[PDB]
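> My sequence and its experimental structure, below.
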Protein chains: 2
Amino acid sequence: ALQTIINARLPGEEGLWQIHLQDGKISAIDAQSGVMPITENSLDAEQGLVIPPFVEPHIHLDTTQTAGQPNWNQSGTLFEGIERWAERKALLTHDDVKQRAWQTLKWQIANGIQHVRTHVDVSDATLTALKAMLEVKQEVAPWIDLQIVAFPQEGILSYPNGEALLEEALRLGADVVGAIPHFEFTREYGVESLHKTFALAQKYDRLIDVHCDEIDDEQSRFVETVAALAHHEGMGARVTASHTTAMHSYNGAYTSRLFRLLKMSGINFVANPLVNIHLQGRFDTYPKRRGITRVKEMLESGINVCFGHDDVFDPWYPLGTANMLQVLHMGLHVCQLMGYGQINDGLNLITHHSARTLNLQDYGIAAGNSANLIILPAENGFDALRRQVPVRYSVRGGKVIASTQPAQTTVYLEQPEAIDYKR
Amino acid sequence: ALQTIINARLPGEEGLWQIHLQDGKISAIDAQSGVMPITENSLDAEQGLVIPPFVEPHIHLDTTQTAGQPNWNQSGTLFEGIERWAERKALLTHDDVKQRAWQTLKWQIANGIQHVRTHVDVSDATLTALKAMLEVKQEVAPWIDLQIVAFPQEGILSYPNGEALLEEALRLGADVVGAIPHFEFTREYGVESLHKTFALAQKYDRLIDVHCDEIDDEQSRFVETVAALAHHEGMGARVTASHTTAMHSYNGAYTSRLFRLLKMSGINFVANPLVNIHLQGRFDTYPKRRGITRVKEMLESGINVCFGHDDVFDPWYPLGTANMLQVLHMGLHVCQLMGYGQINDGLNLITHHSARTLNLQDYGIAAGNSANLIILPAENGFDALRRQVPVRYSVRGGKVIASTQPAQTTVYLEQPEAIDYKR
Ligand SMILES: [Fe+3]
Ligand SMILES: [Fe+3]
């Protein structure tokens, strides 16, 4: 029965704020001139930062939690990962997918993530993972709004009945149409697959999220077709180009020309730091490229870009706890967004920009919006990122759905001293 | 009236073997536990290696034996070669083509080659060389099965009546449909020419062999269309991509993606070491690229690749004696297949893999097959390659069609000593 969040700091705002709640929504937001006393029905942010929930714009819940089953990827390569996944085929069932997806979703709830977009491989005639994920979506709805992308992993034109299966996935309820041009047999199939993807999105009124140019090939430019088609249909807001790691290898002249179109099209971009730094640059000896898309330049140009985890504890990425501040930390380093303001503003890459990517209509600490917000025990984005703080409280519909009692560290010098890693 | 080949060594097999012959075919193959005595009607391999005939998967018999006529290519360049060829136009007649083709074919018979695929330029309204080659094919049949590729040297779409002439060549009997995408005026003509090539091959039930991406251009990727179209039509076995020298210059990420399709398509690849090392890398100063396709990687991936001589004694390559062990020697060096096993297994690149490229149905030392085989005076492939041994005997239909008495070398030290270059 929470009525107020008090003593809240807000990004880009001075001072402390009080967030009033009513009927599961934010009724008003008022500045405070000092610290407010706690009381029944008040959740004290304790001068910590309050932001609208973290978002996971790109993850594969159908493959999550499978690392080491039955064997571990020892080389760490994409190739071996594919083989290790194949060895687990006998365990891939409806219940298995639901159990693993739920395990990661619980970690996400614990990490203040209330919006998740999962890709699901639909290059499977039985659509086993998709059927399982559609049930998971309904089951987790009280805690996470889950979007499902029908992802034609083996291609649309390069896989038997690929287009038919992609459309079947949409008819079953998938929220987003996926594609993977650079994986199609030819450049022509790649371009044609995008026309088919856009046609399906318009036919069913769905969003689009393409695994776009995820390859260190300076000639992989499917992103220009994604942006051009979006501009032509006037649907930029509903379109996302995931990865675009090839952009890391483009010459500057083409990239400059392309950026005009990217801005005009209004499409969204997702970079996946943890996985990109790991899987890109694998064909280089030395020097080795970083392989993340042009995040810094997109921000400078006002192009919406955000960060996803992509994989959690699977053959393609053995690590992760589904933590967005960890994803952000990696991205700030690899993209060299290390100035104070760049780091502080970093939270945008895992909150607001990701909400835009998911085309969310009810997101942000604003009057009238649902009371969905989280509290970080930190002074600002810089502090939260530097100390990799947990989510103190996650509030959804005005109710607490997760909480973390912080770790307590003590050093025993001449006298015991508490250490909080602040100066 | 040969009834048996005795004391034969076979690649990948231990010991000695006896090959029984009946009615021009191999009736049975039995292992020996020791050396068998010679006798009437037995051809003694003398513990030498017996293999199914050498194959020439790619040669231009229409241009062979013309070097220095009327003038020599002094720079050695492709450009000058084209000019030197043009200066000989008055001599290019029906009889001239037949005489020169036969001269090289005799060298091939002497070198144990019983299967040859020759390309013939059909960008000539009079189709002079093609008509001559069709007669040569009939004439040489007792010794060599000759396949003729209708090769549109000046392009299909970029030359007047190019497509009509290509089809006319097929209606006259050419066995294989050729193409040369990278030489077409535009990338679009290149791709379209391949669709036309595949349509003709299906219309006439012929094989396909494309002069594919023979250029140091990292953007020349016609090979993906060749492989995709073959996969689509389910005809990989009947398709060959010759040269693919551009692949030597591709970035690794694209090449890795492409390899999946190359393996799935089942198409064949021909590298032409002697000519590729000579004509590729000509626009580099220093360092200079080798320019041969990814032979080592194809072998590692189980993709069928083999070696051709391409040109013999002409403006584009002034050397050669049409010797496949010499072609192999160059390829092993340039492709760095220099480990013992890689060298020993090298014979596959000029025998079995080439037979697959030609879609041969009667090839190999196996019961039921025609008795077509050759005997090398060497212990194994490594030995034959190292010593560049001649073909001791070439047997076709159970009859000897060629034989070489080995050279005899003596050094006169304190006493005369025979030298055989074995340790
Ligand atoms: Fe992904
Ligand atoms: Fe050729």
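Done, it's in. Numbering: from 1, shown residues only, chains lettered A, B, ... in the order given. Ligands and ions are numbered 1, 2, ... in the order given.
> Every contact and neighbour count from this point should use C-alpha atoms.
Noted.
> Helices of the stretch 201-350 of chain A, start to end?
With DSSP state H, counting those that start in this stretch, the ranges of helices along the stretch 201-350 of chain A come out as A:222-233, A:252-265, A:273-279, A:295-300, A:324-334, A:340-344.
> possible to save those helices as CSV with distance to chain B and mean neighbour count?
Shown next, in CSV, are the helices of the stretch 201-350 of chain A (distance: least, Cα to the nearest Cα, whole Å; neighbours: other Cα atoms under 10 Å in any protein chain shown):
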stretch, distance to chain B, mean neighbour count
helix A:222-233, 14, 19
helix A:252-265, 16, 15
helix A:273-279, 11, 22
helix A:295-300, 21, 15
helix A:324-334, 20, 21
helix A:340-344, 32, 16
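> what's the neighbour count on residue A:410?
Per other Cα atoms under 10 Å in any protein chain shown, the neighbour tally for residue A:410 reads 10.
> Equivalent analysis for residue A:321, please.
Around residue A:321 there are 13 residues (other Cα under 10 Å).
> Repeat that for residue A:355.
Other residues close to residue A:355 by other Cα under 10 Å number 25.
> That one contacts residue A:348, correct?
No. Contact criterion Cα atoms under 8 Å: residue A:355 and residue A:348 do not qualify, at 9.5 Å.
> What sits closest to the residue of the stretch 301-423 of chain A found nearest chain B if chain neighbours are left out?
Chain B sits closest to residue A:316 of the stretch 301-423 of chain A, with a gap of 16.5 Å, by Cα to the nearest Cα. The shortest distance from residue A:316 to any non-neighbouring residue, by Cα to Cα, 6 or more residues apart in numbering or on different chains, is to residue A:81 (5.5 Å).
> which residues touch the one you found?
Applying Cα atoms under 8 Å, 6 or more residues apart in numbering or on different chains to residue A:81 gives the contacts A:73, A:315, A:316.
> Contacts for stretch A:270-286 next, please.
The contact list for stretch A:270-286 (Cα under 8 Å, 6+ apart) reads A:57-58, A:77-78, A:215-216, A:240-245, A:288-293, A:295, A:305-311, A:316-317, A:327-328, A:330-331, A:334, A:357, B:252-253.
> Now it - C-alpha only, CSV.
Extracted in CSV, the C-alpha atoms of stretch A:270-286 (Å, rounded to 0.1, in the frame of the first residue of the first chain):
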residue,chain,number,x,y,z
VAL,A,270,21.4,-2.2,-29.9
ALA,A,271,25.0,-2.9,-29.1
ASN,A,272,25.8,-6.0,-27.0
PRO,A,273,29.2,-5.2,-25.3
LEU,A,274,29.9,-8.4,-23.4
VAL,A,275,29.2,-10.6,-26.3
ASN,A,276,30.6,-8.3,-29.1
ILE,A,277,34.0,-7.9,-27.4
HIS,A,278,34.1,-11.7,-27.0
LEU,A,279,32.9,-12.9,-30.4
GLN,A,280,34.1,-10.1,-32.7
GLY,A,281,37.7,-9.7,-33.8
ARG,A,282,38.2,-13.5,-33.8
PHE,A,283,39.6,-13.6,-37.4
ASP,A,284,42.2,-10.9,-36.6
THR,A,285,45.6,-11.9,-35.3
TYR,A,286,47.2,-8.7,-34.0
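> wait, the residue of the stretch 301-423 of chain A closest to chain B sits on residue A:78?
Yes. Using Cα under 8 Å, residue A:316 is in contact with residue A:78, at 6.1 Å.
> so residue A:374 is in which element?
In this assignment (DSSP states H and E), residue A:374 forms part of strand A:373-376.
> who touches that strand?
A:45, A:48-54, A:112, A:364-365, A:384, A:389-396.
> which SSE is the spatially closest residue to residue A:374 that is not a sequence neighbour in?
In space, not counting the residues next to it along the chain, residue A:374 is nearest to residue A:394; the distance is 4.4 Å by Cα to Cα, 6+ apart. Counting by DSSP H and E, the element that carries residue A:394 is strand A:393-396.
> Perfect, that will be all.
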